[PDB]
């Protein structure tokens, strides 16, 4: 935050979604000049109004990310906070068309996003990036084989990027949500230590926490209520 010039500019990709909104709402009350950005411009415009800006982008396409990054920078300034919360979710059932798709918007989408961010964060020698993953990316889950690879490679990527640019005073962290109420279950919640599914804002606080911890980089902060202990 600040007392005059909003030098705390954050970019939340998929800010119109569930996790994206909770982050964009929480940081707004803290003093962060955010930019709600998703595939739907109208969904991002309403989120921004309900100052802050709104952008339309597709993290899968490369030239669309580089275009938005320059568009984002010119209207708010140099971005020193990045939040990637724009991810989507059997054997011998999934077509190859679906594999490449969610391997580009979940994994490659964050890679291209972090790449465009390092062109301005390295020059300013400051910044902090948080990538939204999952315990499924590490521990895995039945029926979510391809989704596990996307959030799994994000773990190795961020930590590799963390050690690469840490001397530029830039931190790259990971959050690993468990089960959340976004856009059977009672027997599964019974196994969960807390006994309930995680709320959207509960993940947001974990994201902001990593954005504000000046000595935490390349760490996967898991928020699952102890789900990683039962599966």
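Residue numbers count along the first chain shown, from 1.
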In this entry, is the chain continuous from residue 183 to residue 184, or are deposited residues missing in between (none, 1 to 3, 4 to 9, 10 or more)? 4 to 9
Answer with none, 1 to 3, 4 to 9, or 10 or more: how many deposited residues between residue 89 and residue 90 are not present in the coordinates. 1 to 3
Taking only the CA atoms, which stretch has the higher mean B-factor in the record, 32-40 or 55-63? 32-40
Using only C-alpha atoms and the B-factors in the entry, which stretch averages higher, 106-114 or 134-142? 134-142
Just the C-alpha B-factor column, please: which of 123, 101, 94, 150 has the biggest number? 123
Would you mind checking which of 201, 170, 46, 176 has the top Cα temperature factor in the PDB entry? 201
Going by the recorded CA B-factors, say which third of the chain residue 166 sits in, lowest, middle or highest. lowest
Relative to the other modelled residues in the chain, which third contains the C-alpha temperature factor of residue 79: lowest, middle or highest? lowest
Which third, lowest, middle or highest, does the C-alpha temperature factor of residue 24 belong to within its own chain? middle
Entry-reported C-alpha B-factor of residue 85 relative to its chain, by third, is middle
How does the C-alpha B factor of residue 154 compare with the rest of the chain: lowest, middle or highest third? lowest
